[PDB]
Each structure stands twice: as structure tokens, then as C-alpha cells.
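All residue numbers in this chain count up from 1 along the given sequence.
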Amino acid sequence: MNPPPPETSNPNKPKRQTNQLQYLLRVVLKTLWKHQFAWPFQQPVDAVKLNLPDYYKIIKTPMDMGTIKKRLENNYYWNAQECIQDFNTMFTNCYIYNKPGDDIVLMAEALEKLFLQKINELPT
Ligand SMILES: COc1cc(-c2ccc3c(c2)nc(CCc2ccccc2)n3CCN2CCOCC2)cccc1=O
């Protein structure tokens, strides 16, 4: 019942290393990945194992940090904005599916505050 995970390899498009992409992997992803609340966000939502009714009927653009980490490690992103959009999608999905006060929402909000603190120091 789960869909295949988001693509993470980039076989047909060009690749580049930029200072912003370096910061996104070394600082932003690394800081959130090591956070105590990271585990639920480290791989695609398994709606079957988690018993999440209608998850993939409600969430049509799933995203997670395991995918973002692999995308950065595989040079899937050409522009830093593509990666920032993926983090935003991951948080937004959680807020859409869940309710205020749910444990997962409080965890996502703490991770998003940390994301915003780090994104404030994104370079040029
Ligand atoms: C990201 O969005 C959501 C996430 C989750 C979610 C909550 C807890 C989660 C998780 C996802 N993924 C994991 C870790 C991976 C996992 C998944 C399946 C069973 C076991 C581990 N865990 C920890 C499980 N815990 C610890 C080990 O004892 C079992 C209980 C729930 C709801 C809505 C969402 O929108």
C-alpha cells in the first residue's frame, strides 16, 4: 500500500557543488538529522506499519529527511531552493495530516524552528 520512495539519484541531469548546497548538507541536514526528534522524519512515512489511514490519499507530495540526505549526497539538486522546498514540503505534510498538539506536530515544529535558525545563516 505505500508508494515507491521519492527519487534520489540523478542519472540524466548535470551536477554541481555550491557553497549553499554544502551548507545545506553539512549544517542544515546534519543538525536536524542528529536531533532527538529526527527518527520519524528519517525515511518515507510507512503508512501501513504506522496504521495511518488515508495518508497517501491526503499527502500526494511525500518528503522526508532520508530522501533529502540522499538527494544532497547524490547531487540531485542543482539549486539550493529545490532542497529548501523539500524541507518545507516535509513539515507542511506533517501539519496537513496531523492535528495541533499531536506529538508528531510538536516534534515537527521544533525541527522546523531549528531549520529556520540554520537557514538564516545560509551563505552566498
Ligand atoms: C513524519 O510524519 C508522520 C510520522 C509518524 C511517525 C511516528 C513515529 C515514528 C515514525 C513516523 N517513524 C518511526 C521510526 C520508523 C518506524 C516506523 C514504523 C514502526 C517502527 C519504526 N517512528 C517511531 C516508532 N516508535 C518508536 C519505536 O517503537 C514504535 C513507535 C506518525 C504520524 C504521522 C506523520 O505525519
Side-chain angles (χ1 to χ4, degrees), residues 1-16 18-124:
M1 211 184 150
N2 297 127
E7 288 295 313
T8 57
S9 56
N10 167 20
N12 218 353
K13 288 162 79 187
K15 291 175 170 171
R16 67 180 174 183
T18 71
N19 199 29
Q20 292 184 330
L21 288 170
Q22 178 179 44
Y23 184 90
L24 286 161
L25 176 60
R26 303 295 183 167
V27 179
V28 180
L29 184 282
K30 282 221 167 76
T31 298
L32 272 67
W33 189 266
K34 74 163 96 279
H35 192 282
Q36 62 175 113
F37 298 159
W39 194 31
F41 305 90
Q42 287 178 328
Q43 56 285 315
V45 167
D46 184 327
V48 178
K49 287 190 196 172
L50 295 162
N51 189 41
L52 302 180
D54 296 349
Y55 188 86
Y56 289 109
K57 285 197 185 287
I58 293 162
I59 301 304
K60 300 294 188 189
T61 313
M63 192 43 57
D64 65 280
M65 297 199 295
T67 296
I68 294 168
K69 178 176 187 286
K70 285 171 184 185
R71 285 179 175 198
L72 288 158
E73 288 169 342
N74 293 333
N75 275 79
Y76 189 89
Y77 307 117
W78 181 256
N79 292 318
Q81 187 62 34
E82 295 177 76
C83 176
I84 294 171
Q85 178 57 257
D86 281 347
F87 274 106
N88 289 337
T89 294
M90 176 183 81
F91 298 122
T92 306
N93 291 339
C94 188
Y95 305 148
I96 289 168
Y97 185 79
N98 305 281
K99 314 286 178 283
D102 289 342
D103 283 347
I104 198 69
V105 170
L106 293 163
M107 290 163 80
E109 288 172 334
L111 291 170
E112 186 177 33
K113 286 175 184 172
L114 184 57
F115 170 74
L116 293 167
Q117 291 166 344
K118 300 304 190 189
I119 215 76
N120 176 50
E121 290 268 55
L122 186 75
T124 58

Okay, side chain of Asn93, backbone of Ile59: is any donor-acceptor separation there less than 3.5 Å? no
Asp86 side chain reached by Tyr77 side chain, heavy atoms, under 4.5 Å: yes
Does any part of the side chain of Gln117, heavy atoms only, come nearer than 4.5 Å to the side chain of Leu114, both counted from C-beta? yes
Donor-acceptor under 3.5 Å (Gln20 side chain, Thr124 main chain): no
Please answer whether the main-chain N or O of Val105 pairs with a side-chain N or O of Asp102 as donor and acceptor at a distance below 3.5 Å. no
Would you check if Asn2 and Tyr55 make a side-chain contact, meaning some heavy-atom pair closer than 4.5 Å? no
To the nearest 0.5 Å, how far apart are NZ in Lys34 and CG in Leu29? 10.0 Å
Quick note, ring-ring contact (aromatic ring centres under 6.0 Å, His included) partners involving residues 100-124, not counting sequence neighbours, are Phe87-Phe115, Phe91-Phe115
Take a 6.0 Å sphere around CD of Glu7 and say whether it holds more than 12 heavy atoms from other residues, nucleotides or ligands. no
Could you go through the side-chain contact (heavy atoms from CB on, under 4.5 Å) check for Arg16 and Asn79 one step at a time? CA-CA 9 Å; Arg16 67 180 174 183; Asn79 292 318; 2.9 Å; yes
Are side-chain heavy atoms of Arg71 and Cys83 found at a separation under 4.5 Å? no
Cation-pi, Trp33 ring and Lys69 (6.0 angstrom, 45 degrees): yes
State yes or no: do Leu122 and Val27 share one hydrophobic cluster built from I, L, V, M, F, W and Y residues joined by side-chain heavy-atom distances below 4.5 Å, directly or via other members? yes
List the atom of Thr61, the atom of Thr89, and the distance in Å for their closest heavy-atom pair. O-CG2, 3.2 Å
May I ask you to test the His35-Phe41 pair for a side-chain heavy-atom distance under 4.5 Å? no
Answer yes if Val45 and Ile104 sit in the same cluster of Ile, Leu, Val, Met, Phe, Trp and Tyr residues linked by side chain heavy atoms under 4.5 Å apart, and no otherwise. no
side-chain contact (heavy atoms from CB on, under 4.5 Å) between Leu24 and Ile84, worked out: CA-CA 8 Å; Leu24 286 161; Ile84 294 171; 4.1 Å; yes
Minimal heavy-atom distance between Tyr23 and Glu121, with the atoms involved, is OH-CB, 3.3 Å
Please check if the side chain of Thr92 supplies one atom and the backbone of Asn88 the other of a donor-acceptor pair under 3.5 Å. yes
Looking only at heavy atoms, the pair that brings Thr67 and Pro44 closest together is OG1-CG, 4.4 Å
Could you walk me through whether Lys70 and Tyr76 satisfy the side-chain contact (heavy atoms from CB on, under 4.5 Å) test, starting with their C-alpha distance in whole Å, then the side-chain angles of each, then the deciding distance to 0.1 Å, before giving a yes or no? CA-CA 8 Å; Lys70 285 171 184 185; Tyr76 189 89; over 6 Å; no
Taken in chain and number order and not counting sequence neighbours, the residues that satisfy side chain to side chain contact (heavy atoms under 4.5 Å, CB included) with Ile58 are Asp54, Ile96, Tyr97
How far apart are the closest heavy atoms of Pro62 and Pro6, and which atoms are they? O-CG, 4.0 Å
Can you list everything that forms a ring-ring contact (aromatic ring centres under 6.0 Å, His included) with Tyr56? Sequence neighbours excluded, please. none
How far apart are the closest heavy atoms of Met65 and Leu32, and which atoms are they? SD-CB, 3.6 Å
Scanning both residues in full, the closest heavy-atom pair of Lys49 with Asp46 reads N-OD1, 2.9 Å
So how far is it from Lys57 NZ to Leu52 CG, rounded to the nearest 0.5 Å? 14.5 Å
